[PDB]
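A short worksheet on the structure shown next.
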Amino acid sequence: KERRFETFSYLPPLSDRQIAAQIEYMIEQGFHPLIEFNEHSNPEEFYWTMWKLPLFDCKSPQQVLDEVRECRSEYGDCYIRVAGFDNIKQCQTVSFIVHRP
Amino acid sequence: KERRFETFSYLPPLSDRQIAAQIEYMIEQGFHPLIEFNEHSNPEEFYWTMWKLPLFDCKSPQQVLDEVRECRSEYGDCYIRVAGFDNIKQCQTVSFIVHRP
Amino acid sequence: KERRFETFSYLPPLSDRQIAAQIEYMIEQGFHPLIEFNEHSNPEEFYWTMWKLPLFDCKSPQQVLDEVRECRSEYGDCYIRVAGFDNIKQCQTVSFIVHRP
Amino acid sequence: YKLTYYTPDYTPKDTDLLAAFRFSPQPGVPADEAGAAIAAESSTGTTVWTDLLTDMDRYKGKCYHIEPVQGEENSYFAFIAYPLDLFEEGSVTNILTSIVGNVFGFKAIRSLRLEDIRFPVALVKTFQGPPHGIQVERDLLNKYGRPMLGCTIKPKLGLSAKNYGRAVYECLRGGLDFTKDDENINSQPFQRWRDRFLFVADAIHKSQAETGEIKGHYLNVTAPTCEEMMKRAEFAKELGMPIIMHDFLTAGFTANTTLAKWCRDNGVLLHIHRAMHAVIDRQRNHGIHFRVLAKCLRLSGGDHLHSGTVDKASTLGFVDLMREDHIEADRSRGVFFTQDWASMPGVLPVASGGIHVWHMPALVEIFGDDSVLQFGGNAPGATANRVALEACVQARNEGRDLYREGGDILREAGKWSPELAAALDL
Amino acid sequence: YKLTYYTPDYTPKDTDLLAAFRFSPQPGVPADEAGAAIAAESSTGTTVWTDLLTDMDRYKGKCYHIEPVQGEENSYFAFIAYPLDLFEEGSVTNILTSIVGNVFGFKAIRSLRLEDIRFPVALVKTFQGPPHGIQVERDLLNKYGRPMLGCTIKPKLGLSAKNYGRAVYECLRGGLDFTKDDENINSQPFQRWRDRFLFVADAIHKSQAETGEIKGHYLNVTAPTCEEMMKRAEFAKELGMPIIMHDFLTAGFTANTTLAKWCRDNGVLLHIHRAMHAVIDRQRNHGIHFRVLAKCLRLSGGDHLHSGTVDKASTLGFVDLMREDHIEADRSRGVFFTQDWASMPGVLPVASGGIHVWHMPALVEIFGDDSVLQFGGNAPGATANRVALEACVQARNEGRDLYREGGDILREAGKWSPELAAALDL
Amino acid sequence: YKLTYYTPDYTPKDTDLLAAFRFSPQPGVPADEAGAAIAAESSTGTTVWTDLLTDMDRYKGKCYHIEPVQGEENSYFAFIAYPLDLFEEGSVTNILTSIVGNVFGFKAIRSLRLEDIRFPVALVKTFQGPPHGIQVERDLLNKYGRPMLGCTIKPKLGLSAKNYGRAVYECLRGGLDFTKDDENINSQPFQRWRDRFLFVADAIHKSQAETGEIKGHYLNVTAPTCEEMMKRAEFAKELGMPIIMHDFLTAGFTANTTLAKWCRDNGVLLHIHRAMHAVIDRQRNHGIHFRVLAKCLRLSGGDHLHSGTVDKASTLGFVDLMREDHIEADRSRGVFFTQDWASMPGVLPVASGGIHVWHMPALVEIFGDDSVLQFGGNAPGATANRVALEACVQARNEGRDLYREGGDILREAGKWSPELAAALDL
Amino acid sequence: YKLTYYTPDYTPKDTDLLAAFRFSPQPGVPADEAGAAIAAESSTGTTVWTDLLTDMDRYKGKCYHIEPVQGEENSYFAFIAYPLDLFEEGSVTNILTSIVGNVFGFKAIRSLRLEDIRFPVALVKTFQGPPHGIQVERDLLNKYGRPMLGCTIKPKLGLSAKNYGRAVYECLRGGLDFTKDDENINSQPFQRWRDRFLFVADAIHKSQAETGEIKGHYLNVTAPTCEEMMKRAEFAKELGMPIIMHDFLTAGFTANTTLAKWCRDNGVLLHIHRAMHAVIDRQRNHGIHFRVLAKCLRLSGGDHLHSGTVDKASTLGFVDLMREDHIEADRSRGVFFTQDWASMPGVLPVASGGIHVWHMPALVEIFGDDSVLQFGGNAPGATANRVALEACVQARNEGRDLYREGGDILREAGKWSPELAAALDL
């Protein structure tokens, strides 16, 4: 009804151009995108199901977009979240929704 | 959706030939089959409803199959599990699903 | 009757020559003698009454002997103990009786 | 003094505690004499018979560097090294009592200000540090990529516990992560602490259920006694509250260290308010700079620390001191010594004081994601603050310059958001 | 502000808390505007929807008097009344957080100093006060007619626990009532606290047996945490120690109130050291005057309080504030408000800082019998101090003027006392 | 020695403790003299007046058999019987201190290795044994008919608690029964133990909900002190964790017995890791064979015990020793004595060390169903491991020979399973 | 491995933990490859997806030096540095599990022996260390200037508690400072621990009253469980016992650290027996040298440590390692690294094993005053031992050479002492 998601869910649903810009920022900072999906979205539920691997050898924002599209075609009624990790600073620096059922 | 059952549920659904082979192994080891059924399958729920007696005087794998078929015809929307006990070693040595709703 | 004192009390009462040799060793190691006296000698009683100062500017074993003689002439019915401290190692390295009532 | 406590050729050991003092000697007193005096008054004080039962040199604070302050007259920096053995392990109270316990009353100094302390790694390892730290806190709250948003409930006094919870619920359902008790709110007759905790917990549960995001309220557990403080922290834990607040200066460092240990043992975040800080830090010529207190709080324990509104460079320096693991000495940023934290977790800075949604781009640029932005008042206003924050973060990630495009970014976000449009209209 | 927070015709109620602020406004700001600002920043801060769910006027701090400081320019006294309802009962921490929590950072004030607080009787009754007080302490120690004598063990650092006990025993057998831990001594590697407590207890028992007078040593229980502090206080009680010491500013008021409650419950006297006081009180233009801290300590709990060496008149004023039940307002002595203590027991002032046996007549005259004279070093020196003290008391009782005859009294006493003769020779 | 401690005609009593020592005497020393020396040095040591206040013979360890080692020179087996009265009941620590406490330093022996201990039934009954044992553990986890599957999280160090829980969740949802802490993971600065426990519990709950099978993670409760260990075990119980892990050699047998008693009282399974075992057991000529340590662990308490990767016959022997109730003496399998366990529950062997899914048929054949197969890494890999395991069990039950048909069985299962097909491709 | 774990140009940081390994590679394996393998197997083990969620390099053990062993073939020393972050603070168990947990089973190494560990100061400060240390122990027992004398009661088993106390009383009244439980004596059926504690306490009180010197008996509190151990330590404290004994290897380091913390909190000395040390340390080519265990025990906590009978130079080295604050690297004495203890108190070495009163001069010369001489038997024999000890100390202080004049000194002392004359006659 009025449920939210932690980052960028108070903005309009991100377009593929905006998602690509976010992934491009992630690539510049060296955050390798991790794609996760879930059938619900509960604040107390920390973990989502990861989409088949973290993309360590990613050179283009478009590849992450293709992985998101494939997960959409597999989990159309699932949320999709993009995560990124600063392994040097050992902090997860990115977590935002890119798909809602 | 992706629910599992403890033994052989990562294999394809056992055929009557494979179930008969399992029961035959049980008979050689002296494990008298115990048929149990339940309307759900929860990991925390230890006990299922037993199908009318353990077959102590079983001479053929086919009779256990007939009991499973009869429980299927009575509880078609219930899971069916075959259990076996090594009473000398006092350990349940067998527990596998033979029917899903 | 058979009461003892911690160091050298199983040896015969130390003579002034032996006391001077002990004080001479004390001076070489840099342990400045501290003279203390007590009217009793109880194992649980840690502290004795100090004889008027520790001799920091002592150049001769004979001066410590003179201080012990003076305390004897003042506390003839008191025990007299010579203490020494290794201030670098922060450990009391010497404690032995030189006079008994 | 100068013959024994001034050691210009001494090189500090990695195990030494270093203190940077800014001092003005009284007329007549030479600067080096005053610096040796600062070293002596903070280590040994100044003959008695017991002196020669000890090693005097070993427990001596040494002034190893004195330099005049650039662009000022009768002002100097004194750098003093103290042996690791002077201090009780894991005790901020003992370190403060040793360093700043008596030296500030010394008559031969006109003005004295402790600018910085270098805590050696061997000393740092004896402290717990923050109960959870920045990284673990973000994991526990499931909040990533943006600064957290907070609001202090107004008015400070007068609200009943139920109406207090009402205000908390409105702000939290609006889109804020945190609401907070005012520092004056402990257990007054108009609002007893247990009622406030109960009603705030109810408001938090409702807002969490509605929004689907983890919510928190800094319940003030500052109490007259240790036992009352433990009771309040315990009740907050009983209600499932994720975060509590403590005033570390007025309650004291002993109570704060106790509470931080309890917070680590019970999985509760600890927000630290700095009431009475201006009594100590405001005068540039006297007292203790807040960066020293921030370091002492990182040692004592705290997951958040109020760090002012935003000299900008010095605030950036002490935000680095509280967040980073290794901070290089940088005098332009007020970092007198290189500080190593030996993987002790960092503390989240909290920027507050009416931070003015049009100032959101500047705050996001200055502090980055690892901070809390505290707003000094209803659900649409909270939503406008949240929308502006996420728009600023989105624009920063896209490469746009928040300093130059901030008003443009806010205008762009306000076209599709009515609450932000109204807030920008104001 | 001035329209709502400045009330020149308001008469304070007997239940109000009054604060006297000395302030300098920044150039441009009128004095009355600054005074109303001090009243607002220390009560309410400054509109939101929750405001009209409350009674704004009822929780408002009112500036009821402003006057310029005599003989100074751009300086004023602001008198502010606060309702009794603002404060949690029995909490010094809450009172300090309310009054001086934020006002000292206000930008429109150049300099601010809290001079005095009038605690209403209704608030005073919610505090325990000193664990025992002057009268009960004299009864417990069986010491009457003269000030108590104390000595701080030297050197501050380096002595092992056994040698520490040796020094304590020498000083106590000499004729002193108290010895004391240095404030830096908590539990350092060279001297662990439990060993020090054990050996000091042994020294106290020996000196008591030898002299036949009750002896004490202020064992420092200032600890990193509440639990360690309780363990140290508990072990001191286990050893039969009559008095312990606490650093109330560096440890904090929460821990101090906890410890004072424990001291009352366990029959232990509580000596209070004021480490870090000069960080707050030294500058005449900024901070909190020590008399406010002394009043807060009398409320929080303490049987002794370090009160400086000896402006003389202001020290006399705050010694009255800590000893007497009713103190009239007297600006020459720094007493801005009439303070009633409602039979709360008084606190013993402790005068220290190398008090120089030739200065004994002046100290005895200034402080009277209800004080502790702390000497900043062996049995003959302790005996000389005790002989001089008793000679001064005897001469004062006989009618002789200590100020004019003090040297003569000391000479007369030293004619029959060799230790005092040597001390006077020095 | 040989006259009193060598008793070749003595028949051990059923209440005696027997020890099998493999020894090499130093050149010159005859073998029987060395064997009597081993018996003496491990029972009595060697005259004093107190000797005749005792019965010397009654507490004497008797060497009752010496035989040379087949195919070796200067090597012998010494069999020593010890009375039941030498040992404190229920104490593995005391038994080890008595048997191997001093004898290994005896100079006249070149090399000594304790091969086996026969624990008499009367001694066995004084120990709790495993908290639950194999049968009860299978009942509690509802897992039957197949070995359990485990995975150790990689990398050993560096993962934050949240990412650690992520890895655990991926492996557990893949189809594994257990994940496990690395033995190095206790409470390091990068990952504090309580955060790790919290996040792992969340991962376990999620994977259990998704799969519908009971999941577990061996939370390491190995701690610096007894109190920290109890706190960690208590928090694991609070989270509903079914199993914890303990390093029994580095933490010690006292802590392990304490923890096993707690595990029995609180319904928690106890996984035992054997860190530092190779310091003791690796050299065939010196130390203690691991089978003795396994017996001591079965007595002290443990539901799982790491038992190596897989001489095959000796590992089969000590797996029998830890699982069966009655084990016949069998020198080819390293079982020197017949061991009766008097219905003390067995311990689950844990086979680890990169067990290589193509090696699954051999492991299933060697260990049977009552074991844990620990994989030294994501959900498809876990699924492939689980599919291969269940295919091997199904084939074994059908009568097919796992040694000869294992590759064929894996190929057959891989045709309908893509994850297993990829794993076999690798 | 060699490309990543072998860093010949790396200089260790002062915060690093260093380990010196003596290894023999298996034929074929080059030495540098084996050294990098030792570094890897003791830090990280060896790719998985979780690897890139971490900083691999930061938690990596680096082999920074390899050198061949002088006068040996196929033998090398590997020096490995480990970051301070690998280890839980204050945990000997974690350090041992990290360093020697798995590396000793590595197949490519034929033989491995851990020779030395350099504990960084930052790690050392996280441990309590000895409960009291050498200096405080001498103060508590009022024993100065000479080594302490101990005797182990014989026979090891069979004595009832009352006769045990009889033997203790005879030895203590003879002139010994300490008697001790045998390590096998815990709570056997012939002598229950509480009876033994009661009767030994009575014997100690009687001997103390008779001699006027503080007496002690190391009551063994080694127990099957943590709770039994605490009960036994508690009862020893209840009886006023000054010292207890613990077997740290068989009971384990967790229990030992717990007990040392309790001993510090309750003022009880802790004697540490090293049962089972020869299982680990005896073979020069395998295991852990005892000096590493001695350092780990100094960290974990112990006031005494059994240190063997007396290669002489290596024993002198590890006695320095356990006594001194700073020990320089010295390969002739087996000190591979410079060790700083940061004022952590030292541990008293205990020399035992039938030390043969004619060997008293050599022991006094070798160990000096800071040691315990433990005799492996009645009042005259104890008196002879004490007389010989004090004569040796007196002669050493007078300047006479104990090595050359020892027999002459003993003869001179025995001329006036009948007990020593008889002992010398034997």
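Residue positions begin at 1 at the first shown residue.
The backbone N, Cα and C atoms fix where each Cβ goes, and this holds for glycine too.
The substrate binding site annotation in Swiss-Prot covers E:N102, E:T152, E:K156, E:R274, E:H306, E:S352. If you look up Swiss-Prot, you'll see E:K154, E:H273 marked as active site, proton acceptor, on the strength of sequence analysis. Annotation comment: Swiss-Prot describes E:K180 as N6-carboxylysine, evidence class sequence analysis. What Swiss-Prot records for E:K180, E:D182, E:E183 is Mg(2+) binding site.
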Checking your reading of the structure: which of the recorded positions E:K154, E:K180, E:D182, E:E183 lie inside a 10 Å Cα sphere centred on E:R274 (substrate binding site)? E:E183
Listed in sequence order, which of the recorded positions E:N102, E:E183, E:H273, E:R274, E:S352 sit with a CB under 8 A of chain G? none
Among E:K154, E:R274, all listed as recorded positions, which has the most CB atoms within 10 Å of its CB? E:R274
Whose Cβ lies within 8 Å of the mean position of the Cβ atoms of E:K180, E:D182, E:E183, the Mg(2+) site, other than those residues? E:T152, E:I153, E:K156, E:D181, E:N184, E:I185, E:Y218, E:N220, E:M245, E:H273
DSSP state at E:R274 (substrate binding site), helix/strand/coil: coil
With every protein chain in view, how many other Cβ atoms are within 10 Å of the Cβ of E:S352 (substrate binding site)? 19
Do you know offhand how many angstrom separate E:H273 (active site, proton acceptor) and E:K154 (active site, proton acceptor) by C-alpha? 17
E:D182 (Mg(2+) binding site): which of the recorded positions E:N102, E:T152, E:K154, E:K156, E:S352 have a C-alpha within 10 angstroms of it? E:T152, E:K154, E:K156
Measuring Cα to Cα, how many Å separate E:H306 (substrate binding site) from E:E183 (Mg(2+) binding site)? 12
Cα distance, E:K180 (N6-carboxylysine) to E:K156 (substrate binding site), nearest Å? 11
Of the residues named as substrate binders, E:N102, E:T152, E:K156, E:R274, E:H306, E:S352, how far apart in Å are the Cα atoms of the most distant pair? 37
Report the same-chain neighbours of E:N102 (substrate binding site): residues 6+ apart in sequence with Cβ closer than 8 Å to its Cβ, ordered by sequence. E:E41, E:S42, E:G45
Using the structure shown, find which entry in E:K156, E:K180, E:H273, E:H306 (the recorded positions) has the sparsest Cβ neighbourhood within 10 Å. E:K156
Cβ neighbour count within 10 Å of E:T152 (substrate binding site): 22
Roughly how many Å lie between the Cα atoms of the residue listed as 'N6-carboxylysine' and E:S352 (substrate binding site), rounded to a whole value? 12
Cβ within less than 8 Å of a chain D Cβ is the test here; which of the recorded positions E:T152, E:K180, E:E183, E:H273, E:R274, E:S352 meet it? E:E183
C-beta crowding around E:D182 (Mg(2+) binding site), within 10 angstroms: 23
Counting every protein chain shown, other Cβ atoms within 10 Å of the Cβ of E:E183 (Mg(2+) binding site) number 25
Out of E:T152, E:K154, E:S352, which of these recorded positions is nearest E:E183 (Mg(2+) binding site) by C-alpha distance? E:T152
In terms of DSSP three-state secondary structure, what is the assignment for E:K156 (substrate binding site)? coil
